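Protein chains in written order, with the deposited numbering: chain B, 53 to 147, 165 to 292, 294 to 352, 374 to 569; chain A, 62 to 126, 128 to 573. Idealized CB from N, CA, C, for every residue including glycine. Structure record follows, encoded as structure tokens.
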Ligand SMILES: *[C@@H]1O[C@H](CO)[C@@H](O[C@@H]2O[C@H](CO)[C@@H](O[C@@H]3O[C@H](CO)[C@@H](O)[C@H](O[C@H]4O[C@H](CO)[C@@H](O)[C@H](O)[C@@H]4O)[C@@H]3O)[C@H](O)[C@H]2NC(C)=O)[C@H](O)[C@H]1NC(C)=O
Ligand SMILES: *[C@@H]1O[C@H](CO)[C@@H](O[C@@H]2O[C@H](CO)[C@@H](O[C@@H]3O[C@H](CO)[C@@H](O)[C@H](O)[C@@H]3O)[C@H](O)[C@H]2NC(C)=O)[C@H](O)[C@H]1NC(C)=O
Ligand SMILES: *[C@@H]1O[C@H](CO)[C@@H](O)[C@H](O)[C@H]1NC(C)=O
Ligand SMILES: *[C@@H]1O[C@H](CO)[C@@H](O)[C@H](O)[C@H]1NC(C)=O
Ligand SMILES: *[C@@H]1O[C@H](CO)[C@@H](O)[C@H](O)[C@H]1NC(C)=O
């Protein structure tokens, strides 16, 4: 599904059947069946509003109405907001559609089409994380009648938001920020997870317009005696239910003018919330936050940062790419793919800034070469999806259609989620090491175990994941 | 003494002084006290405002687990509303509370607000004047307030540094216009709030703009040594977002001892020029002139080395425009790093930035670096603490108060030529307050020291018996009629004499 390079696509909603794409002056409703346009809603900035934008020092390619917030309201109404040439507006479309409300959107919708902002429409309320000023120096996290402290750098210091998750009566915000936490900070960037209660109603008297529950914690995506940190978070995934554990997968990278490198980490949702229960660095949801004391609300506004850092699953990155030419930029996971032995493996898809998608799993071999358990990365495939230079912005998985939608700035491409049908050679089927593809010996076809039925006591199917890739091939006779 | 008419001695230390422009009644705000007087300094009413139980750690509603103790109530604001006859007085207690009292009888309280509005310190500045503003288009007046961060309570962060405040009965003393991301308000950021303090000296309104005369550190970061400068804070009065919040520095520079900078301003007064002075400045006689006294300071402490400097508001407006034009052309840094981190000025297609420029979203909180500069018309060996200017005579005479209690008169004939013609003590050993106001006819001037107020006559030509004494006094108010043996101004002589030398000035002729 191709458009110009000038527009800037942003997945604003995704189902297994349809996806909504906000672009330069329109929003598309696209079928995942064939990436075919199903519906369109055009909304162009008025010539006076976009002459005002170029007047204030912007270019032609900046002064457009980039659609960047979507939400279907519980009444059938449609909430739709756009940058409107650095003058963000929100509209209420009601049924096709017809305009029913138009109003300013400062603090509800970014000014710039950059992937700087995020939001979460949780329980009929929009939680927004963006800038509220044309100059981009007033970051905030805003809900109906509640915002963070304006220009308070201890709460937000030049942040770039990468995602927002709803969870258990909180709303989590994922972003990278400037470091003023350490007394000897020197323009360092650290990645945070923030939290606000959904039943927050502001503090008493003058605090009635500000959060009484904003807390943040640093994310730890480090590699031993010689630590190696990936401090700039780039993309997150939705919450993934891997068995009994809820996990969030994230892509991290090193800072500029540092050893270039990318990593993928995963954090348990329970570990994220547990960090907000430890010490503060020098939050519970009460039914009426307007009953708190001035002492308590002023405290949390002066200690919004937790002491402990959220640790990573397995205590290390699941994949690392250091000193390579490309950087990782997006993440998506197919959870709990049952292998031939009956083990469940999450299959991880991570796109690079030059249009590749890496597929891999992790195996936790218990005492294979030492007494401490050793985690290993099994890379299934690293193929080129987009043209050689184009950055992959997002990934959307459709486990139903066995399709992976790759999102660039001006296109959507779909590829197979699992390549079992494509391969026809025994060596290829075992060297692939996909937890879902296994080589049959009665039938010569490399088969997909989602539709097949093994029985644990039959030598029919053949699969090798723990070994090396050449060792999997030796299992093939002749 | 015959030059001093009435003297009123008060029991407490006095903080402020204003005169009703139509009734000439005198209002005096002091420590634990509040007085109303007649135009002849006869006491009408007196109000006990303190002491009361209060702690700086506590607000009115809550007192954290800290005890309230009897503390003095320093008067910080004294103002009159003309549309609705009512006096506004703000005290230091209870996080800086204002009361609204009746103008006929100050003992009557009409409205008591709990809002924290004013500095709760005894020495932290607070400047307040009433002028047109929002919410409505400029038919309603608002209160522009500027408060220093006293740094003694958590409740102090809530109070803005510069803000417009409503005078509506429904929304008394609330910020005039406020929205989600913007409003009639400027705060100092959490990182500079406790270290970068702002001293507000004088406030005034002129030609659709509100102004503040401030002393403050030139730089927020610690990369440079501490230098104190005088700044000028401006906001468009139509502006309900403070998009027009702008500052330029104010320099009063002298030739003496190589380079001499009088960096610390002590007092300000807005007034009109004379025929001769308006020609020098290149302004009309109806235009405004800012009179201010600057003192060279060792750090933040003013020394006994002051100077008198005048600024025309045509050159103030043209200097603001000069700093704004330059930013909107992309040159330099926006400034005001102590509000938010200073980002570069943006290049803009703006084609008609003039003197009335009222602000936009872009380059909004602008800190000018190009100062308005003036050479003082007079310098002094004492610390000057007040200033007032009248042009009842054909010449402008500037009244200057001393920290030692002296009153001096300077006559300003040009932007280059000025000199003292009178000097005498009003209250010896007692610093003259900054609030120094004239009578409605500009015939008497009210001089307030630590504990007294003195009604001083502006001129007295009758006490010059002979004529060499009349012209020798070099008083611009005094001439000498040829016929009658009286020293008196021109209007007092009768032009019935055939010779035009009937009334002669002190420099135009010889007696
Ligand atoms: C998130 O978790 C990871 C892993 O759990 C963690 O990485 C660990 O960091 C610590 C310190 O940053 C590393 O500890 C080092 O261990 C060696 C011994 O092998 C010590 O020598 C190190 O310094 C000590 O001794 C030095 C002797 O010269 C002294 O100079 C120094 O002052 C110290 O006394 C130090 O203890 C540890 O090896 C890594 N572990 C791994 C697996 O990488 C990371 O720090 C965590 N992040 C956050 C934000 O908490
Ligand atoms: C993108 O376009 C597709 C196709 O036009 C939209 O899907 C359609 O959505 C409507 C409205 O929800 C569905 O109608 C509803 O059907 C249910 C099921 O019977 C019924 O109970 C409701 O009363 C209503 O009639 C319609 O069936 C559905 N069509 C398909 C093929 O799925 C889709 O909603 C659009 N995207 C978004 C974000 O709305
Ligand atoms: C509070 O005021 C009372 C008068 O009602 C006074 O007796 C008391 O001493 C004050 N509190 C303190 C701690 O002094
Ligand atoms: C002024 O107010 C006080 C206090 O209410 C009252 O005692 C007095 O009688 C009033 N009028 C005059 C003329 O003093
Ligand atoms: C306030 O100023 C006066 C006069 O300068 C001084 O005597 C007093 O100690 C000061 N108070 C404080 C708390 O600095």
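Residue 334 of chain A carries a coil assignment under DSSP once its states are collapsed to helix, strand and coil. Ligand 2 approaches residue 90 of chain B closely enough that one of its heavy atoms is under 6 Å from the residue's Cβ. When DSSP states are grouped into helix, strand and coil, residue 328 of chain A belongs to the strand group.
For residue 65 of chain B, the secondary structure class from DSSP, reduced to helix, strand or coil, is strand. Boundaries of the beta strand (DSSP E) harbouring residue 171 of chain B: 167-173, taken from the DSSP string. Residue burial is scored here from C-beta neighbours: residue 485 of chain B has at least 16 other C-beta atoms within 10 angstroms and is therefore classed as buried. The region 199-214 of chain A and the region 253-269 of chain A touch, with three or more beta-carbon pairs separated by less than 8 Å. In the DSSP assignment, residue 390 of chain B falls within the alpha helix (DSSP H) that extends over 385-393. Annotation: Cβ neighbours of residue 221 of chain B in chain A (cutoff 7 Å, chain order): 252.
Interface annotation for the region 168-185 of chain B against chain A: 175 and 176, criterion Cβ-Cβ distance under 8 Å. Around the beta carbon of residue 435 of chain B, fewer than 16 other beta carbons sit within 10 angstroms, so the residue counts as exposed. Not a single CB atom of chain B sits nearer than 7 Å to the CB of residue 222 of chain A. The Cβ-Cβ distance between residue 424 of chain B and residue 497 of chain B does not fall below 7 Å.
For residue 255 of chain B, no alpha helix (DSSP H) run applies, since DSSP gives it neither H nor E. Within chain B, the residues 108 have their CB atoms less than 8 Å from the CB of residue 422 of chain A, given in chain order.
Excluding residues up to 5 positions away in sequence, 329, 330 and 331 lie with their Cβ nearer than 7 Å to the Cβ of residue 414 of chain B in the same chain.
For residue 506 of chain A, DSSP records a beta bridge to A:519. Placement of the Cβ of residue 171 of chain A at a distance of 6 Å or more from every heavy atom of ligand 4 is found.
Minimum Cα-Cα distance from residue 213 of chain B among the listed residues B:257, B:143 and B:270 corresponds to B:270. Closest by C-alpha distance to residue 140 of chain A, out of A:133, A:102, A:95 and A:332, is A:95. The Cβ of residue 198 of chain B sits no closer than 7 Å to any Cβ of chain A. For residue 455 of chain A, the secondary structure class from DSSP, reduced to helix, strand or coil, is coil.
Taking a Cβ-Cβ cut-off of 9 Å, the neighbours of residue 409 of chain A in chain B comprise 109, given in sequence order.
For residue 92 of chain B, DSSP records a beta bridge to B:80.
The C-alpha of residue 344 of chain B lies about 56 Å from the C-alpha of residue 149 of chain A.
Considering only A:421, A:360 and A:530, the residue with the shortest C-alpha distance to residue 303 of chain A is A:421. Residue-level contact check: residue 399 of chain A does not touch chain B, since none of the beta carbons of chain B fall below 7 Å from its beta carbon.
Nearest in C-alpha terms to residue 276 of chain B, of all of B:226, B:383 and B:287, is B:383. Along the region 380-392 of chain B, the positions whose C-beta sits under 8 Å from a C-beta of chain A are 384, 385, 386 and 389, read in chain order. Distance from the CA atom of residue 178 of chain A to the CA atom of residue 76 of chain A, rounded to whole angstroms, is 20 Å.
Separation of residue 307 of chain A and residue 390 of chain A (C-alpha to C-alpha, rounded to the nearest whole angstrom) is 15 Å.
For residue 125 of chain A, the C-beta contacts it makes with chain B under 7 Å involve 386, in order along the chain.
Between the C-alpha atoms of residue 296 of chain A and residue 564 of chain A there is a straight-line separation of about 49 Å. Against chain B, the beta carbon of residue 402 of chain A has neighbours under 7 Å at 206 and 220, listed in chain order. Taking a contact to require three or more Cβ pairs closer than 8 Å, the region 184-198 of chain B and the region 234-245 of chain B qualify as touching.
Where residue 366 of chain A is concerned, the enclosing beta strand (DSSP E) starts and stops at 363-374.
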